[PDB]
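Novice: Next up is a structure, given as structure tokens.
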Amino acid sequence: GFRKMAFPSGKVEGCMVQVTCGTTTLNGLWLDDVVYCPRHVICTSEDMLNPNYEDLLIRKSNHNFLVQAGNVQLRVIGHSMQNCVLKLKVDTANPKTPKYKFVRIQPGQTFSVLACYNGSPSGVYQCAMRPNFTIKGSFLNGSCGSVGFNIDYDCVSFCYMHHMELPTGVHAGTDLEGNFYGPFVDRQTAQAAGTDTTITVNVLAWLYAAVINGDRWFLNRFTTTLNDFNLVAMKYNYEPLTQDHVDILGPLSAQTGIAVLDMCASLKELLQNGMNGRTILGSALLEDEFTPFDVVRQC
Amino acid sequence: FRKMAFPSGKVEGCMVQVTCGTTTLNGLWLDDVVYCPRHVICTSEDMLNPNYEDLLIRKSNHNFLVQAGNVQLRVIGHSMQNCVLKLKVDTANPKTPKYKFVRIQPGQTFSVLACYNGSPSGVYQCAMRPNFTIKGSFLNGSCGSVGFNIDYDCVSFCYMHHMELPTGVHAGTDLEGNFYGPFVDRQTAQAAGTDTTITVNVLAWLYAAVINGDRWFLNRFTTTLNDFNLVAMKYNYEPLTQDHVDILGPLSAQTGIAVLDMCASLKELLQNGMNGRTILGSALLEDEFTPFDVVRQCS
Ligand SMILES: *[C@H](O)[C@H](C[C@@H]1CCNC1=O)NC(=O)[C@H](CC(C)C)NC(=O)OC[C@@H]1CCC(=O)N1CC1CCCCC1
């Protein structure tokens with residue numbers, strides 16, 4: 001079968017803590033003797049509108065940060081700021097700290113989100129970095145400091161920390177160096193994203209998945225050149241397909257006996273005609289948050 | 001609205017592998033018992049037509065290889081309860097959570113922690129279909145993977161994976177070994193009944209749309225539960241039970257829309273169609289979000 005699947009979240013759960021400053025509580029990520037969290041926790045209502053973070057931060061003491069791991073309070077023995085992430089040095093090391101790395105993902109890549117509130121894990125789901133550097137998440141008040149991640153063997157690669165919601169209801173955040181994905185800023189203002197586009201290489205991965213699971217009504221006998229497909233793709237605000245994308249799709253191509261450019265001819269027909277009421281893998285819409293690797297691992 | 005799974009860490013800490021000869025699947029290690037599908041004791045050729053009691057009497061504790069990772073847990077006792085094997089082991093699982101075993105109803109959702117060789121690979125949310133199948137994602141070696149809900153700190157185990165049906169859906173038991181539906185653990189052709197739409201979950205979805213301001217479909221009329229059930233069955237929708245009416249209670253109260261009034265609105269959508277409109281950004285009515293799922297994502 002075929003399902004939007006997240007990585008098992010245990011290794012990350014054992015890192016989550018609650019961080020409080022003033023009347024603001026959000027989540028932190030406790031790795032070794034450091035807790036990472038969004039810097040906008042240090043803001044008041046008034047601050048949030050135009051926070052001079054270097055200025056606000058210097059006025060805080062270690063003791064203004066309350067960090068709790070369950071019942072236990074952790075003692076902050078130092079604080080600093082790296083871009084939009086606050087780093088809290090604590091007197092004790094997290095024994096549940098996994099093998100980890102910090103990475104910056106590219107748009108079109110997917111990752112798992114462990115949504116937390118008051119330092120407690122609440123749910124896990126799979127998301128993609130949109131081409132306009134938003135993510136379509138499920139994040140409520142208190143969710144800031146929730147992280148996104150991938151797991152390779154025994155290693156957790158952290159790629160996202162959550163900071164904000166935009167008026168359209170999508171979400172924005174940073175990598176674990178504190179740099180935003182996209183043109184956003186951690187200030188309480190209405191911010192719009194660039195126009196989004198659909199992740200074409202992922203739509204093609206998902207069409208291959210629908211074939212692998214016996215769903216092929218959208219196929220056709222026609223074919224297309226790469227550039228002629230890309231011309232139509234861009235017309236419909238789909239990302240153009242690169243030769244690296246073609247190559248990445250090979251295993252799915254091999255496994256199903258459907259040349260990539262044949263699948264592109266199928267997608268072009270769907271873009272131009274629509275789904276005629278039909279569904280693919282249950283969906284009325286072309287799904288673009290499965291990468292080729294996601295589909296491969298799972299089939 | 002996304003399908004959101006529960007954080008899987010409390011369950012990851014209970015997964016082991018169970019091997020008889022070369023047949024390896026997953027087991028669930030709680031306190032000093034390991035629970036797994038009984039067909040682990042069957043050779044490939046045994047599965048064609050197994051005699052489980054006879055296969056079991058021939059077995060001894062020392063024919064069972066139970067491993068957490070690569071660490072052996074010695075089996076000191078074995079019994080069969082319906083279609084699950086219970087293996088008493090000489091070590092109480094230090095990671096055992098607060099837990100219980102529950103048998104869920106069609107329509108209820110749970111998270112599945114897909115595992116291979118006792119290693120978690122992925123977590124996703126499933127609904128139990130009215131025909132007592134789940135639309136899972138399971139490969140060879142996945143049996144013994146479990147489905148669960150988490151309430152506060154208590155893990156309620158409701159599913160253990162045993163088999164795949166011709167249509168590519170999946171079937172299994174509760175943790176007492178009792179199959180959901182009319183299936184048996186024999187490698188013989190079996191077929192799921194025709195599936196129906198989960199009415200209580202569609203209703204939850206409509207409540208979700210209203211909570212978010214999308215309420216064009218509300219009408220000025222009501223209906224009896226009996227009239228609705230009779231009409232719904234003509235559209236291959238499940239009849240509502242009293243338990244369904246009850247679990248819609250909070251969403252009814254949150255919106256001020258009586259359950260039976262929402263039923264009349266759904267009847268009108270069934271009889272007259274969407275007339276080209278959308279609800280929550282979709283022309284399809286969604287049926288795998290329960291009233292709890294809606295609450296846990298809106299509030
Ligand atoms: C345990 O890991 C395994 C999990 C399976 C295999 C891959 N995906 C799964 O979900 N379970 C079995 O192999 C199971 C063992 C039996 C003792 C129950 N047998 C099984 O799943 O296949 C037999 C099924 C039973 C109904 C049926 O018609 N059938 C034949 C195939 C035909 C092709 C499509 C799938 C069903």
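Letters for chains follow the order of the structure tokens (A, B, ...), residue numbers begin at 1 for each chain, and ligand numbers begin at 1 in the order shown.
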Find the residues of chain A in contact range of chain B, meaning any atom within 9 Å when counting only C-alpha atoms, and list them as a PDB file with N, CA, C and O atoms, in the first residue's frame.
Specialist:
ATOM      1  N   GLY A   1       0.808  -1.219   0.000  1.00  0.00           N
ATOM      2  CA  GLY A   1       0.000   0.000   0.000  1.00  0.00           C
ATOM      3  C   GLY A   1       0.843   1.273   0.000  1.00  0.00           C
ATOM      4  O   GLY A   1       2.069   1.187  -0.116  1.00  0.00           O
ATOM      5  N   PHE A   2       0.217   2.448   0.121  1.00  0.00           N
ATOM      6  CA  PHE A   2       0.968   3.701   0.026  1.00  0.00           C
ATOM      7  C   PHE A   2       0.414   4.784   0.940  1.00  0.00           C
ATOM      8  O   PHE A   2      -0.772   5.117   0.874  1.00  0.00           O
ATOM      9  N   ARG A   3       1.300   5.386   1.732  1.00  0.00           N
ATOM     10  CA  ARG A   3       0.891   6.251   2.829  1.00  0.00           C
ATOM     11  C   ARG A   3       1.929   7.339   3.050  1.00  0.00           C
ATOM     12  O   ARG A   3       3.127   7.093   2.909  1.00  0.00           O
ATOM     13  N   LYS A   4       1.455   8.527   3.414  1.00  0.00           N
ATOM     14  CA  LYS A   4       2.344   9.608   3.834  1.00  0.00           C
ATOM     15  C   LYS A   4       2.850   9.284   5.230  1.00  0.00           C
ATOM     16  O   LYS A   4       2.094   9.317   6.202  1.00  0.00           O
ATOM     17  N   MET A   5       4.124   8.961   5.305  1.00  0.00           N
ATOM     18  CA  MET A   5       4.729   8.314   6.451  1.00  0.00           C
ATOM     19  C   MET A   5       5.799   9.236   7.009  1.00  0.00           C
ATOM     20  O   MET A   5       6.599   9.794   6.241  1.00  0.00           O
ATOM     21  N   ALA A   6       5.816   9.393   8.327  1.00  0.00           N
ATOM     22  CA  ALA A   6       6.826  10.189   9.011  1.00  0.00           C
ATOM     23  C   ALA A   6       7.842   9.256   9.645  1.00  0.00           C
ATOM     24  O   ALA A   6       7.552   8.084   9.878  1.00  0.00           O
ATOM     25  N   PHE A   7       9.044   9.779   9.910  1.00  0.00           N
ATOM     26  CA  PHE A   7      10.028   9.004  10.655  1.00  0.00           C
ATOM     27  C   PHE A   7       9.572   8.770  12.094  1.00  0.00           C
ATOM     28  O   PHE A   7       8.819   9.567  12.659  1.00  0.00           O
ATOM     29  N   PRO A   8       9.967   7.644  12.698  1.00  0.00           N
ATOM     30  CA  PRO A   8       9.636   7.434  14.103  1.00  0.00           C
ATOM     31  C   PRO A   8      10.261   8.562  14.908  1.00  0.00           C
ATOM     32  O   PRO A   8      11.406   8.941  14.676  1.00  0.00           O
ATOM     33  N   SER A   9       9.502   9.099  15.829  1.00  0.00           N
ATOM     34  CA  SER A   9       9.884  10.356  16.469  1.00  0.00           C
ATOM     35  C   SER A   9      10.581  10.212  17.834  1.00  0.00           C
ATOM     36  O   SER A   9      11.006  11.240  18.413  1.00  0.00           O
ATOM     37  N   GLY A  10      10.779   8.984  18.337  1.00  0.00           N
ATOM     38  CA  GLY A  10      11.290   8.813  19.703  1.00  0.00           C
ATOM     39  C   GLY A  10      12.588   9.553  20.008  1.00  0.00           C
ATOM     40  O   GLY A  10      12.740  10.159  21.072  1.00  0.00           O
ATOM     41  N   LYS A  11      13.571   9.449  19.114  1.00  0.00           N
ATOM     42  CA  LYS A  11      14.863  10.078  19.300  1.00  0.00           C
ATOM     43  C   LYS A  11      14.717  11.577  19.472  1.00  0.00           C
ATOM     44  O   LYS A  11      15.455  12.187  20.249  1.00  0.00           O
ATOM     45  N   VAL A  12      13.718  12.178  18.825  1.00  0.00           N
ATOM     46  CA  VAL A  12      13.512  13.615  18.977  1.00  0.00           C
ATOM     47  C   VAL A  12      12.702  13.911  20.228  1.00  0.00           C
ATOM     48  O   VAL A  12      13.009  14.853  20.973  1.00  0.00           O
ATOM     49  N   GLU A  13      11.727  13.049  20.545  1.00  0.00           N
ATOM     50  CA  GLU A  13      10.921  13.263  21.748  1.00  0.00           C
ATOM     51  C   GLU A  13      11.797  13.396  22.986  1.00  0.00           C
ATOM     52  O   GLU A  13      11.513  14.202  23.871  1.00  0.00           O
ATOM     53  N   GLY A  14      12.852  12.606  23.066  1.00  0.00           N
ATOM     54  CA  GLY A  14      13.712  12.607  24.235  1.00  0.00           C
ATOM     55  C   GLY A  14      14.591  13.833  24.313  1.00  0.00           C
ATOM     56  O   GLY A  14      15.454  13.921  25.186  1.00  0.00           O
ATOM     57  N   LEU A 114       7.708  17.023  14.470  1.00  0.00           N
ATOM     58  CA  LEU A 114       7.200  16.601  15.768  1.00  0.00           C
ATOM     59  C   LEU A 114       6.624  17.843  16.417  1.00  0.00           C
ATOM     60  O   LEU A 114       7.352  18.703  16.928  1.00  0.00           O
ATOM     61  N   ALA A 115       5.317  17.937  16.373  1.00  0.00           N
ATOM     62  CA  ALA A 115       4.625  19.075  16.925  1.00  0.00           C
ATOM     63  C   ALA A 115       4.516  18.888  18.425  1.00  0.00           C
ATOM     64  O   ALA A 115       4.080  17.825  18.894  1.00  0.00           O
ATOM     65  N   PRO A 121       5.531  16.397  23.348  1.00  0.00           N
ATOM     66  CA  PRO A 121       5.132  15.944  22.013  1.00  0.00           C
ATOM     67  C   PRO A 121       3.643  15.658  21.915  1.00  0.00           C
ATOM     68  O   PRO A 121       3.072  14.973  22.762  1.00  0.00           O
ATOM     69  N   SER A 122       3.015  16.156  20.829  1.00  0.00           N
ATOM     70  CA  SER A 122       1.593  15.943  20.581  1.00  0.00           C
ATOM     71  C   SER A 122       1.294  15.171  19.291  1.00  0.00           C
ATOM     72  O   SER A 122       0.355  14.372  19.272  1.00  0.00           O
ATOM     73  N   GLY A 123       2.082  15.346  18.236  1.00  0.00           N
ATOM     74  CA  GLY A 123       1.828  14.624  17.003  1.00  0.00           C
ATOM     75  C   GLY A 123       2.997  14.661  16.042  1.00  0.00           C
ATOM     76  O   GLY A 123       3.910  15.473  16.169  1.00  0.00           O
ATOM     77  N   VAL A 124       2.961  13.775  15.051  1.00  0.00           N
ATOM     78  CA  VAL A 124       4.035  13.723  14.071  1.00  0.00           C
ATOM     79  C   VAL A 124       3.439  13.606  12.679  1.00  0.00           C
ATOM     80  O   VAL A 124       2.469  12.883  12.454  1.00  0.00           O
ATOM     81  N   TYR A 125       4.032  14.339  11.741  1.00  0.00           N
ATOM     82  CA  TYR A 125       3.561  14.298  10.370  1.00  0.00           C
ATOM     83  C   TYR A 125       4.692  14.680   9.436  1.00  0.00           C
ATOM     84  O   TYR A 125       5.712  15.232   9.841  1.00  0.00           O
ATOM     85  N   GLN A 126       4.474  14.380   8.162  1.00  0.00           N
ATOM     86  CA  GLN A 126       5.409  14.640   7.081  1.00  0.00           C
ATOM     87  C   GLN A 126       5.038  15.912   6.318  1.00  0.00           C
ATOM     88  O   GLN A 126       3.862  16.155   6.040  1.00  0.00           O
ATOM     89  N   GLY A 137       1.964  23.220   7.447  1.00  0.00           N
ATOM     90  CA  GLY A 137       1.959  22.476   8.682  1.00  0.00           C
ATOM     91  C   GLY A 137       0.647  22.588   9.439  1.00  0.00           C
ATOM     92  O   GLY A 137      -0.318  23.212   9.015  1.00  0.00           O
ATOM     93  N   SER A 138       0.635  21.926  10.582  1.00  0.00           N
ATOM     94  CA  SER A 138      -0.443  22.012  11.559  1.00  0.00           C
ATOM     95  C   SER A 138       0.271  22.434  12.838  1.00  0.00           C
ATOM     96  O   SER A 138       0.955  21.633  13.494  1.00  0.00           O
ATOM     97  N   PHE A 139       0.156  23.711  13.138  1.00  0.00           N
ATOM     98  CA  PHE A 139       0.878  24.336  14.241  1.00  0.00           C
ATOM     99  C   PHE A 139      -0.070  25.309  14.911  1.00  0.00           C
ATOM    100  O   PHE A 139      -0.604  26.201  14.245  1.00  0.00           O
ATOM    101  N   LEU A 140      -0.265  25.168  16.207  1.00  0.00           N
ATOM    102  CA  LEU A 140      -1.100  26.097  16.951  1.00  0.00           C
ATOM    103  C   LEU A 140      -0.232  26.995  17.826  1.00  0.00           C
ATOM    104  O   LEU A 140       0.994  26.881  17.861  1.00  0.00           O
ATOM    105  N   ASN A 213       0.991   0.577  -7.106  1.00  0.00           N
ATOM    106  CA  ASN A 213      -0.185   0.072  -6.409  1.00  0.00           C
ATOM    107  C   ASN A 213      -1.371  -0.176  -7.350  1.00  0.00           C
ATOM    108  O   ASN A 213      -2.514  -0.245  -6.884  1.00  0.00           O
ATOM    109  N   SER A 283      -6.786  10.674  -3.860  1.00  0.00           N
ATOM    110  CA  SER A 283      -6.782  12.130  -3.895  1.00  0.00           C
ATOM    111  C   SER A 283      -7.464  12.674  -5.140  1.00  0.00           C
ATOM    112  O   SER A 283      -7.350  12.109  -6.231  1.00  0.00           O
ATOM    113  N   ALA A 284      -8.178  13.784  -4.961  1.00  0.00           N
ATOM    114  CA  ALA A 284      -8.668  14.598  -6.057  1.00  0.00           C
ATOM    115  C   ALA A 284      -7.641  15.604  -6.570  1.00  0.00           C
ATOM    116  O   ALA A 284      -7.934  16.335  -7.522  1.00  0.00           O
ATOM    117  N   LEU A 285      -6.468  15.682  -5.958  1.00  0.00           N
ATOM    118  CA  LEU A 285      -5.458  16.661  -6.317  1.00  0.00           C
ATOM    119  C   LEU A 285      -4.129  15.952  -6.505  1.00  0.00           C
ATOM    120  O   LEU A 285      -3.870  14.911  -5.897  1.00  0.00           O
ATOM    121  N   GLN A 298       9.458   3.134   0.467  1.00  0.00           N
ATOM    122  CA  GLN A 298       8.193   2.573   0.906  1.00  0.00           C
ATOM    123  C   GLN A 298       7.606   1.552  -0.070  1.00  0.00           C
ATOM    124  O   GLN A 298       6.565   0.966   0.237  1.00  0.00           O
ATOM    125  N   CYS A 299       8.246   1.289  -1.210  1.00  0.00           N
ATOM    126  CA  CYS A 299       7.689   0.350  -2.191  1.00  0.00           C
ATOM    127  C   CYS A 299       8.730  -0.682  -2.672  1.00  0.00           C
ATOM    128  O   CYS A 299       9.917  -0.614  -2.336  1.00  0.00           O
TER     129      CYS A 299
END
Novice: Which of range 46-154 of chain B counts as alpha helix (DSSP H) under DSSP, as a CSV table (one decimal) with C-alpha atoms, in the first residue's frame please?
Specialist:
chain,number,residue,atom,x,y,z
B,46,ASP,CA,2.8,-24.5,6.9
B,47,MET,CA,1.0,-21.2,6.2
B,52,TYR,CA,-1.7,-24.1,15.1
B,53,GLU,CA,-2.3,-26.2,18.2
B,54,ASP,CA,-0.3,-29.0,16.7
B,55,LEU,CA,2.4,-26.7,15.6
B,56,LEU,CA,2.6,-25.2,19.1
B,57,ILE,CA,2.7,-28.5,21.1
Novice: Just want the 7 Å neighbourhood of residue 24 in chain B, counted on only C-alpha atoms, with same-chain residues fewer than 6 positions away dropped. Output as a ChimeraX atom specification.
Specialist: /B:17-18,40,117,141
Novice: Could you tell me how far CA of residue 30 in chain A sits from CA of residue 97 in chain A, in Å to one decimal place?
Specialist: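 Distance reported for this atom pair: 7.6 Å.
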Novice: Would you kindly return, as a list in words, each protein, DNA or RNA residue with an atom no farther than 12 Å from any atom of residue 271 in chain B, considering only C-alpha atoms and excluding same-chain residues fewer than 6 positions away?
Specialist: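 With the cut-off at 12 Å, the set is residues 228, 231, 232, 234, 235, 264 and 265 of chain B.
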Novice: Would you pick out the contacts of residue 26 in chain B at 12 Å or less, using only C-alpha atoms, so that residues sharing its chain but fewer than 5 positions from it are not included, and give the list as a PyMOL selection string?
Specialist: chain B and resi 12+14-20+34-40+65-69+84-85+113-120+140-146+160-162
Novice: Can those selected residues be exported to a file as a compact mmCIF listing (two decimals), in the first residue's frame so that it contains N, CA, C and O atoms?
Specialist:
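Once everything was written out, this is again-v3.txt:
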# COMPACT_ATOMS: atom_id res chain seq x y z
N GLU B 12 8.04 2.70 20.23
CA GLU B 12 9.33 2.26 19.73
C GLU B 12 10.08 1.50 20.81
O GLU B 12 10.75 0.50 20.54
N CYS B 14 9.10 -0.50 22.86
CA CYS B 14 8.51 -1.81 23.10
C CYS B 14 8.65 -2.78 21.93
O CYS B 14 8.21 -3.93 22.04
N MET B 15 9.25 -2.36 20.83
CA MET B 15 9.37 -3.25 19.69
C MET B 15 10.56 -4.19 19.83
O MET B 15 11.68 -3.76 20.13
N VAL B 16 10.32 -5.46 19.54
CA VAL B 16 11.37 -6.47 19.45
C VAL B 16 11.14 -7.32 18.20
O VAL B 16 10.14 -7.17 17.50
N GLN B 17 12.06 -8.25 17.93
CA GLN B 17 11.85 -9.21 16.88
C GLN B 17 11.76 -10.61 17.47
O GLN B 17 12.37 -10.91 18.50
N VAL B 18 10.96 -11.45 16.80
CA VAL B 18 10.68 -12.81 17.21
C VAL B 18 10.96 -13.69 16.02
O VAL B 18 10.41 -13.44 14.93
N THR B 19 11.75 -14.73 16.22
CA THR B 19 12.17 -15.59 15.12
C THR B 19 11.94 -17.02 15.53
O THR B 19 12.31 -17.42 16.65
N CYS B 20 11.32 -17.77 14.62
CA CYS B 20 11.25 -19.22 14.63
C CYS B 20 11.87 -19.70 13.35
O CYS B 20 11.37 -19.38 12.26
N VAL B 34 6.18 -10.80 25.72
CA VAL B 34 6.26 -10.40 24.32
C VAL B 34 5.05 -10.97 23.57
O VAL B 34 4.76 -12.18 23.63
N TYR B 35 4.33 -10.09 22.89
CA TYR B 35 3.13 -10.43 22.11
C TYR B 35 3.48 -10.41 20.63
O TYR B 35 4.10 -9.46 20.16
N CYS B 36 3.07 -11.44 19.87
CA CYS B 36 3.37 -11.42 18.44
C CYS B 36 2.35 -12.30 17.72
O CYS B 36 1.62 -13.07 18.36
N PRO B 37 2.27 -12.19 16.38
CA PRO B 37 1.35 -13.06 15.64
C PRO B 37 1.78 -14.51 15.75
O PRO B 37 2.96 -14.83 15.60
N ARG B 38 0.80 -15.39 15.97
CA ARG B 38 1.15 -16.81 16.11
C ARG B 38 1.73 -17.42 14.85
O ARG B 38 2.38 -18.47 14.94
N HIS B 39 1.55 -16.81 13.67
CA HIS B 39 2.04 -17.50 12.48
C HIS B 39 3.56 -17.44 12.35
O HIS B 39 4.11 -17.99 11.39
N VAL B 40 4.25 -16.85 13.32
CA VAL B 40 5.69 -16.93 13.34
C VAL B 40 6.13 -18.40 13.44
O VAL B 40 7.23 -18.74 13.03
N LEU B 65 13.47 -17.23 19.36
CA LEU B 65 14.56 -16.27 19.42
C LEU B 65 13.92 -14.90 19.51
O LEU B 65 13.33 -14.43 18.54
N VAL B 66 14.01 -14.28 20.66
CA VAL B 66 13.45 -12.95 20.85
C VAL B 66 14.62 -12.00 21.04
O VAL B 66 15.51 -12.25 21.85
N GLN B 67 14.64 -10.93 20.26
CA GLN B 67 15.74 -9.99 20.32
C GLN B 67 15.25 -8.55 20.34
O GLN B 67 14.41 -8.15 19.52
N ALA B 68 15.81 -7.77 21.26
CA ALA B 68 15.71 -6.32 21.26
C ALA B 68 16.99 -5.79 20.62
O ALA B 68 18.07 -5.88 21.21
N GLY B 69 16.88 -5.25 19.42
CA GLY B 69 18.12 -5.02 18.69
C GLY B 69 18.79 -6.35 18.45
O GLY B 69 18.15 -7.31 17.99
N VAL B 84 -2.67 -14.60 18.74
CA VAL B 84 -1.39 -14.06 19.18
C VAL B 84 -0.68 -15.06 20.08
O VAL B 84 -1.30 -15.86 20.81
N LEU B 85 0.63 -15.04 19.97
CA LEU B 85 1.53 -15.76 20.84
C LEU B 85 1.94 -14.82 21.96
O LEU B 85 2.20 -13.64 21.71
N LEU B 113 2.90 2.01 13.75
CA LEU B 113 4.35 2.10 13.73
C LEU B 113 4.84 0.91 12.91
O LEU B 113 4.98 -0.20 13.43
N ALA B 114 5.11 1.15 11.62
CA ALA B 114 5.55 0.11 10.72
C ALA B 114 6.98 -0.29 11.08
O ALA B 114 7.87 0.55 11.13
N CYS B 115 7.20 -1.59 11.34
CA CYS B 115 8.49 -2.09 11.82
C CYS B 115 8.95 -3.27 10.99
O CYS B 115 8.14 -4.03 10.46
N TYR B 116 10.27 -3.42 10.90
CA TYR B 116 10.88 -4.55 10.20
C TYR B 116 12.04 -5.02 11.07
O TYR B 116 12.84 -4.21 11.53
N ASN B 117 12.06 -6.33 11.36
CA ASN B 117 13.11 -6.92 12.19
C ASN B 117 13.27 -6.19 13.51
O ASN B 117 14.37 -6.03 14.05
N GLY B 118 12.12 -5.81 14.08
CA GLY B 118 12.07 -5.11 15.34
C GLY B 118 12.55 -3.68 15.29
O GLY B 118 12.65 -3.05 16.35
N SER B 119 12.86 -3.16 14.10
CA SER B 119 13.29 -1.77 13.96
C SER B 119 12.16 -0.92 13.40
O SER B 119 11.65 -1.21 12.30
N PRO B 120 11.74 0.13 14.09
CA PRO B 120 10.76 1.06 13.51
C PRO B 120 11.28 1.75 12.26
O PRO B 120 12.40 2.28 12.24
N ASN B 140 6.69 -7.22 3.32
CA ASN B 140 7.12 -8.45 3.97
C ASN B 140 7.92 -8.14 5.23
O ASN B 140 8.81 -7.28 5.23
N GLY B 141 7.64 -8.89 6.29
CA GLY B 141 8.35 -8.73 7.53
C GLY B 141 7.72 -7.72 8.45
O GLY B 141 8.25 -7.51 9.54
N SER B 142 6.61 -7.10 8.05
CA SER B 142 5.96 -6.08 8.86
C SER B 142 5.03 -6.64 9.93
O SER B 142 4.58 -5.88 10.79
N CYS B 143 4.67 -7.92 9.87
CA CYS B 143 3.71 -8.47 10.81
C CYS B 143 4.21 -8.28 12.24
O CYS B 143 5.42 -8.32 12.51
N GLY B 144 3.27 -8.09 13.15
CA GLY B 144 3.56 -7.75 14.50
C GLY B 144 3.70 -6.25 14.76
O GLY B 144 3.70 -5.86 15.93
N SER B 145 3.86 -5.42 13.72
CA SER B 145 3.70 -3.98 13.87
C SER B 145 2.35 -3.68 14.51
O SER B 145 1.35 -4.33 14.21
N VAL B 146 2.29 -2.63 15.34
CA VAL B 146 1.08 -2.40 16.09
C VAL B 146 0.53 -1.03 15.79
O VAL B 146 1.24 -0.12 15.33
N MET B 160 -2.66 -5.27 15.77
CA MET B 160 -1.42 -5.95 15.45
C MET B 160 -1.57 -6.54 14.04
O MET B 160 -2.59 -7.15 13.73
N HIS B 161 -0.56 -6.33 13.21
CA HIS B 161 -0.67 -6.57 11.80
C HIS B 161 -0.38 -8.04 11.50
O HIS B 161 0.65 -8.57 11.95
N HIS B 162 -1.23 -8.66 10.66
CA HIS B 162 -1.05 -10.07 10.29
C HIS B 162 -1.05 -10.33 8.77
O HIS B 162 -0.37 -11.27 8.32
Novice: List every residue of range 30-265 of chain B that DSSP, applied to the backbone, labels as strand (DSSP E), and write the result as an NGL selection string.
Specialist: :B and (30 or 33-37 or 65-68 or 71-73 or 75-81 or 84-89 or 98-101 or 109-116 or 119-127 or 146-151 or 154-164 or 170-173)
Novice: As an MDAnalysis selection string, please: the residues near residue 46 in chain A (cut-off 12 Å, only C-alpha atoms, same-chain neighbours under 6 positions excluded).
Specialist: chainID A and resid 40 52 56 187:188
Novice: For ligand 1, which residue out of B:293, B:263, B:184, B:217 is the nearest one, using only C-alpha atoms and all ligand atoms?
Specialist: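 For ligand 1, the nearest of the candidates is B:184.
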Novice: Report as a list in words all protein, DNA and RNA residues lying within 7 Å of residue 127 in chain A, evaluated on only C-alpha atoms, omitting residues in the same chain fewer than 5 positions from it.
Specialist: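 Near neighbours after the sequence-gap exclusion: residues 110, 111, 112, 113, 135, 136, 137 and 289 of chain A.
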Novice: CA of residue 281 in chain B to CA of residue 238 in chain B: how many Å, to one decimal?
Specialist: 23.9 Å
Novice: Between B:172, B:239, B:97, B:256, which is the closest to ligand 1 once you count only C-alpha atoms and all ligand atoms?
Specialist: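 Checking each candidate against ligand 1, we get B:172 as the closest.
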